[PDB]
Amino acid sequence: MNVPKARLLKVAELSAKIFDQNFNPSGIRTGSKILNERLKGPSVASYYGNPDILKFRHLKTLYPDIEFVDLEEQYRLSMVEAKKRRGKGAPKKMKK
Amino acid sequence: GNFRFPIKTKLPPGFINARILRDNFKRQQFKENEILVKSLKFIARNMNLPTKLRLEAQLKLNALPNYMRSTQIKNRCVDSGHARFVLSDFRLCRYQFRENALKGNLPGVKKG
Amino acid sequence: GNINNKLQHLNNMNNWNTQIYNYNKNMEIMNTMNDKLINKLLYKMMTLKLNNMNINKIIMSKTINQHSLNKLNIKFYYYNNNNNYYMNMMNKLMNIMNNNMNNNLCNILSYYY
Amino acid sequence: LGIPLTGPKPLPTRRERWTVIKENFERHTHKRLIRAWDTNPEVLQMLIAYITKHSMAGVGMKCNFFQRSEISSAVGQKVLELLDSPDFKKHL
Amino acid sequence: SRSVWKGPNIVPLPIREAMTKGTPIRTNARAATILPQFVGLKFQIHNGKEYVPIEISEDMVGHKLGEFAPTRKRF
RNA sequence: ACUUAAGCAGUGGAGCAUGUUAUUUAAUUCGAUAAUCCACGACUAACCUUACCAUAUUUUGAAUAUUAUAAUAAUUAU
RNA sequence: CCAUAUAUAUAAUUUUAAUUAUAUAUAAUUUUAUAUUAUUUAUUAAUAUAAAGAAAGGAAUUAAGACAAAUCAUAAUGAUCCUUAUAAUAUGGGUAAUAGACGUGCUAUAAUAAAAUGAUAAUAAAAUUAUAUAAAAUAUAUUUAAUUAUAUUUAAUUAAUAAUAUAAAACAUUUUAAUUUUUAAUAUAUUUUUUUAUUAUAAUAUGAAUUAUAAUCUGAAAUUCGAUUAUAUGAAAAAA
Ligand SMILES: [Mg+2]
Ligand SMILES: [Mg+2]
Ligand SMILES: [Mg+2]
Ligand SMILES: [Mg+2]
């Protein structure tokens, strides 16, 4: 408290120089907190999982001597054909 | 207009709906432009710099599209796509959390 | 149900389908999601056919994903259904799980994990 | 391996809790501490390698190593690039 | 932005074509700060449905364009 | 015997916040309606969320499969 | 099964909280003895009195009927409808509008009650910190300092270690409108921080809505429409 402010300023400047710290005695806004902020892009981007997953359609190419069956896809195709038999199928999409 | 978004982005591996696609696209482009946004923000927010440089940086920030904004990213449930009551510890809405927890899918989680 | 004996009680670790602890919670959440997706893929992989009228539907349980420090082991139970001189479809499926040299499933999963 | 190890000191179990609206769920992190004393770095590396090779399902591990020793930027590299761009160089 | 040290919230605008040809500047940028040099210029500010035409004065400087294109009917 | 009744301890006429409803609105996203009562979810609505409105814009789109082309790697005999 | 009480193990008691932590085990759904009441007559029950006990709480765990529920956001399947649009994207707007009516909550309407102050720092638990957390210091508001709010700078810690964070009521002193129940001038006293005498001496120093000005915070952006601070403003709210 009784210590002169010049002595503490010299201490602060020399210490900041030693430890590689920004010495900003004027207190001006420097945007240094922006530089020191961490990049959160990777964690944010991996939110929904790794997209490079093996999928059912790849199985036909990896293991051609095994012919796998996707029950959901076959059921979807059967329903599509059943609707198209009743005349309840989707119309032809308009084209340019 | 083959792809609904300006930049081709791989689909997430699990459940999909239009809102999950929109959120995932914004997350990928935020990852890609984070350094640019931070650099422009630093230039705009440094009072040591001239006012014209700061104004130019702010103008470039306002010119960026919506899919680079960090504040536009919203945590959705990875199983149902809902955006309410999402627990960040599992990225699941509360119902999907309860379902998975009772099925033993969530490691360590027990009925209290 | 003696807890001090490994033959007289089910380990509490076994009442979770993903058995893991990571100090990095992000990675733990990612691994949980990976396990669920791989379980769905494996469910899709259990139906086979030897030309039409020859459908074979293997029924598997939920996978048990044992995550250790240096390895993941995906254990599952399954139910199926002169034989010495060919491989039926279920045998081919399991052999691609582990035994194929080039594109066996566990190597692809190792890249995924 | 010749390593003095004190023992698996019980450390406080962390409890995490979640309320589903009134169903309660919780997760318990159990923690053990094993400390090693008076050992060379190489033997201790052997310990870590061996116990990693033969680890159990569902157990994670953190290792702190204390080595007594003798006494003796992405944003910044982009800010320079932007400032040396025609859009910013023209105002300066 | 709102803190004054951050400066005005400037946005891109076709202002030169309105500073030479006297045409209105049609804008959805309701958050744009009205700068001192906007004075005299005619703006057409979106209110969500329509474009309210205004002419910028010096009393509007510092305010934002959206303040002069109300979005809801009063009653 | 839920309920009532009694006793104890409170809260309760205002301002604000937050919901619902009514009206309004381009939109005020959605929720009740067989006569006591009661349309009423928010672990966060500035943009996002969003479901609604206005104006522009996209048209096999996020999928799987078929059939062609144009390349790119592997293999035959070019 | 929690919790509670106890035993063993573990911790080189500086990751310290050994008054702790968390594994395993034990314990109780307590037991005994009389006396009086009743009794289906005791080897019963209740009450009381003695004796030994730390022992006094809680949760879960199955089916069957009835009705409701499409934010059934507790799904699936099916049917039906749209397919240049009932699908998809961007910009802005709305969900925040205001006559009413009601539910819930917060702040109040003062003296068994509010305010201020209390540094060798009265006294907690349970959580959180790699998509962080922010110490101490310095600067400004600002006034010796403190307090409070921001800025500058980021020390330590990714944690039984460091930080968020010196818990707050409590308690003590002082103050407090209504209240002439007070203050002040003179005397006065063996009440002196005080007594006595003579003189003068419905909304506050409650409440904090609303509004004005200037700053700040987050964010690319705070106009519709966010939060905070300072200087002003100072509404309604008293009875049943
Ligand atoms: Mg958000
Ligand atoms: Mg909106
Ligand atoms: Mg929009
Ligand atoms: Mg006051």
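Order of the sequence lines fixes the chain letters, A, B, ..., with proteins taken first and strands second; residue numbering starts at 1 for each chain.
Nearest approach of C/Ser68 to D/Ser55, heavy atoms of both residues: CB-OG, 3.4 Å. Nearest heavy-atom pair, C/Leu69 versus D/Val59, reported as atom, atom and distance to 0.1 Å: CD2-O, 3.5 Å. Closest of all the heavy-atom pairs between D/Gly58 and C/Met13 is CA-CE, 3.7 Å.
Note that OH of C/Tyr23 and CE of D/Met61 are 8.5 Å apart. Values are rounded to the nearest 0.5 Å. Separation of atoms OH (C/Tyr21) and NE2 (D/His30) is listed at 11.0 Å; rounding is to 0.5 Å.
Residue contact with chain C, scored on non-hydrogen atoms closer than 4.5 Å, involves the backbone of D/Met56 exclusively.
The number of heavy atoms from other shown groups lying within 6.0 Å of NZ (D/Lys53) does not exceed 12. C/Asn81 CG: 12 or fewer foreign heavy atoms inside a 6.0 Å radius. Around the NZ atom of D/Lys78, the shell of radius 6.0 Å holds more than 12 heavy atoms that belong to other residues, nucleotides or ligands. Summarising the local packing, CZ of D/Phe65 is surrounded by more than 12 heavy atoms from other residues, nucleotides or ligands at distances under 6.0 Å.
Between chain D and the residues C/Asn65, C/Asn22, C/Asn73, C/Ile20, the most heavy-atom pairs under 4.5 angstrom are made by C/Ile20.
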